[PDB]
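The structure under discussion appears below in the form of structure tokens.
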Amino acid sequence: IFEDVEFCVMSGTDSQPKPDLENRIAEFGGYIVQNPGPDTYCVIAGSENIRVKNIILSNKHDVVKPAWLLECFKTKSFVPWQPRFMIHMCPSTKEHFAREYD
Amino acid sequence: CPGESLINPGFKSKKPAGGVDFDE
Amino acid sequence: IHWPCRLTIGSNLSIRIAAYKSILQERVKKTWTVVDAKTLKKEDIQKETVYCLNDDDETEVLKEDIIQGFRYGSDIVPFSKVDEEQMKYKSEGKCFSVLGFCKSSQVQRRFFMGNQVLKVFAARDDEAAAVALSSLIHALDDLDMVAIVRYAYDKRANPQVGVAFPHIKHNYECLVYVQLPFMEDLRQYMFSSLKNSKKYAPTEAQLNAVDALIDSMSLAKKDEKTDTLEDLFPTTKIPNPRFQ
DNA sequence: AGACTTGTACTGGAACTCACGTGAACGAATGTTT
DNA sequence: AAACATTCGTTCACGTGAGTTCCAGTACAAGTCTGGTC
């Protein structure tokens with residue numbers, strides 16, 4: 001389902017600690033990069049810790065709550081993004097959402 | 001020995017920095 | 001090159017000043033250029049650096065695929081350059097502020113740090129600034145005091161805490177600024193005493209002989225016991241033998 | 001005979017310090033344009 | 001004639017190679033220990 005997509009998870013929920021989540025995503029063939037980079041497609045952070053704050057202040061890549069990931073495991077399909085999961089949106093993709101959202 | 005730090009033995013305990021305190 | 005700034009005592013008093021580098025270590029202006037042995041041409045050699053992983057296969061990692069980090073005990077915490085700049089300590093550059101005034105006896109020479117000495121004069125073509133600086137220098141000299149001050153060259157320069165003391169001469173008078181240590185820059189080493197040591201106590205004959213040695217090897221001569229001393233071996237006027 | 005303990009020196013590596021080289025920013029002077 | 005842009009010597013910061021001191025680890029000599037036999 002996930003194929004050669006770069007994900008950098010930096011935070012995990014109490015029910016799902018970071019390493020566990022990492023393993024889970026690896027099970028679906030996602031490329032784990034411990035730090036975000038130019039090719040990173042979305043950084044994941046359940047808890048907005050200092051790292052995540054820094055990331056969002058860099059306004060480079062969008063932060064996504066783990067919520068989305070769990071749903072991808074509850075339907076066995078890749079679900080399009082909605083503004084119910086994100087925290088911060090990078091300057092470009094923000095435009096992409098704006099046309100269809102407030 | 002008096003004044004020895006309780007964290008690193010063999011080193012003098014450093015008094016906390018007080019900056020500038022004008023005298024009376 | 002002159003460094004213009006403002007000596008500020010509080011938020012209401014400001015004196016325009018210019019600082020110059022008086023004493024610093026001098027290095028060669030021209031560096032050695034590596035040239036190919038045969039053709040003797042610079043453009044025939046290119047230096048570059050590469051990064052490879054620690055795995056057995058010795059994978060190749062590009063310069064865009066690495067980050068900066070630090071060591072925290074037994075672990076390693078990533079800390080990117082952009083994050084460091086965001087979290088970096090930010091200060092207002094070009095500051096010459098008088099933190100306080102303290103007796104000269106409390107500032108020892110052995111604590112001087114840095115690699116420079118600054119000479120501070122009044123602003124060029126400024127009578128009021130010159131008068132204010134002269135008043136401050138004369139007051140400090142009369143009271144036997146020095147000024148603990150904060151110095152920053154520019155925005156991207158680490159702030160420093162230093163001591164400025166007067167220097168009055170028949171021709172000109174100016175402030176002399178030298179850096180001072182921080183709390184982290186002091187080393188607390190304990191050394192055994194020599195006076196109280198029983199096995200390292202010299203005898204009377206040894207002390208007399210050492211006194212004779214010191215007397216014979218004097219490098220300063222009194223001018224017929226009339227006015228002052230005179231230097232036999234002035235080391236300040238000797239050119240550096242390295243350049244020669 | 002064999003195997004474990006103590007010691008012994010020696011080798012190499014970690015850490016600290018300095019010197020040398022590279023990169024970037026900048027104030028003043030000068031030249032060009034309006 | 002005045003304002004703005006470019007350039008150059010200067011300054012600071014950061015990075016890399018070589019020398020010095022202190023300490024962990026290794027190969028081997030010798031001391032010590034032990035078992036079996038006639």
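Following the order of the structure tokens, first chain is A, next is B, and so on, with residues numbered from 1 inside each chain and ligands from 1 in the order they appear.
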Residue hits in chain C, query chain A, radius 10 Å, only C-alpha atoms, as a PyMOL selection string: chain C and resi 64-67+78-80+82-84+86-87
Hey, can you spit out that residue selection with C-alpha atoms as an mmCIF file, in the first residue's frame?
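Dumped everything to selection.cif:
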```
data_model
loop_
_atom_site.group_PDB
_atom_site.id
_atom_site.type_symbol
_atom_site.label_atom_id
_atom_site.label_comp_id
_atom_site.auth_asym_id
_atom_site.auth_seq_id
_atom_site.Cartn_x
_atom_site.Cartn_y
_atom_site.Cartn_z
ATOM 1 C CA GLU C 64 22.510 16.608 0.997
ATOM 2 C CA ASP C 65 21.784 13.370 2.909
ATOM 3 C CA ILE C 66 23.665 14.267 6.119
ATOM 4 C CA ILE C 67 22.834 16.445 9.123
ATOM 5 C CA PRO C 78 20.163 15.137 16.103
ATOM 6 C CA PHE C 79 20.284 18.931 15.869
ATOM 7 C CA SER C 80 19.924 20.351 12.363
ATOM 8 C CA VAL C 82 18.248 25.385 10.675
ATOM 9 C CA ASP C 83 16.978 24.279 14.087
ATOM 10 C CA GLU C 84 20.207 25.493 15.698
ATOM 11 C CA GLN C 86 16.284 29.104 15.177
ATOM 12 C CA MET C 87 17.303 28.205 18.751
#
```
Residues near residue E:17, cut-off 12 Å, only C-alpha atoms (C1' of nucleotides), skip fewer than 5 positions along chain, as an NGL selection string: :D and (18-21)
DSSP helix (DSSP H, G or I) residues within stretch 155-224 of chain C, as number ranges by chain: C: 183-185, 204-216
Set the cut-off to 9 Å and count only C-alpha atoms: what are the residues of chain B that reach chain C? Output as a PDB file with N, CA, C and O atoms, in the first residue's frame.
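Listed below is the output, selection-v5.pdb:
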```
ATOM      1  N   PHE B  11      37.067  18.652  43.016  1.00  0.00           N
ATOM      2  CA  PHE B  11      36.940  19.949  42.368  1.00  0.00           C
ATOM      3  C   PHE B  11      36.229  20.912  43.306  1.00  0.00           C
ATOM      4  O   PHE B  11      35.260  20.541  43.974  1.00  0.00           O
ATOM      5  N   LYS B  12      36.718  22.149  43.353  1.00  0.00           N
ATOM      6  CA  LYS B  12      36.114  23.154  44.216  1.00  0.00           C
ATOM      7  C   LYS B  12      34.697  23.466  43.755  1.00  0.00           C
ATOM      8  O   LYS B  12      34.421  23.562  42.556  1.00  0.00           O
ATOM      9  N   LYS B  14      31.776  25.704  42.842  1.00  0.00           N
ATOM     10  CA  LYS B  14      31.716  27.064  42.324  1.00  0.00           C
ATOM     11  C   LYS B  14      30.478  27.778  42.851  1.00  0.00           C
ATOM     12  O   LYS B  14      29.360  27.263  42.750  1.00  0.00           O
ATOM     13  N   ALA B  17      26.775  32.316  39.984  1.00  0.00           N
ATOM     14  CA  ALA B  17      27.063  33.639  39.448  1.00  0.00           C
ATOM     15  C   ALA B  17      26.012  34.637  39.919  1.00  0.00           C
ATOM     16  O   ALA B  17      24.808  34.381  39.824  1.00  0.00           O
ATOM     17  N   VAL B  20      26.159  41.535  38.647  1.00  0.00           N
ATOM     18  CA  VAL B  20      26.520  42.824  39.226  1.00  0.00           C
ATOM     19  C   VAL B  20      25.517  43.160  40.320  1.00  0.00           C
ATOM     20  O   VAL B  20      24.304  43.169  40.078  1.00  0.00           O
ATOM     21  N   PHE B  22      25.211  46.241  43.045  1.00  0.00           N
ATOM     22  CA  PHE B  22      25.774  47.500  43.511  1.00  0.00           C
ATOM     23  C   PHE B  22      25.823  47.539  45.033  1.00  0.00           C
ATOM     24  O   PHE B  22      24.898  47.087  45.714  1.00  0.00           O
TER      25      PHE B  22
END
```
How close does chain C get to chain D? List, as a tab-separated table, each residue of chain C within 10 Å, its nearest atom pair and the distance in Å to one decimal, counting only C-alpha atoms (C1' of nucleotides).
```
residue	atom	partner	partner_atom	distance
C:1	CA	D:27	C1'	8.7
C:2	CA	D:27	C1'	9.1
C:3	CA	D:27	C1'	9.0
C:4	CA	D:27	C1'	9.9
C:31	CA	D:21	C1'	8.7
C:32	CA	D:21	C1'	9.9
C:154	CA	D:26	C1'	9.6
C:156	CA	D:25	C1'	9.0
```
Length of the atom CA of residue C:124 to atom CA of residue C:18 vector [Å]: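 Computed distance, atom CA of residue C:124 to atom CA of residue C:18, equals 7.7 Å.
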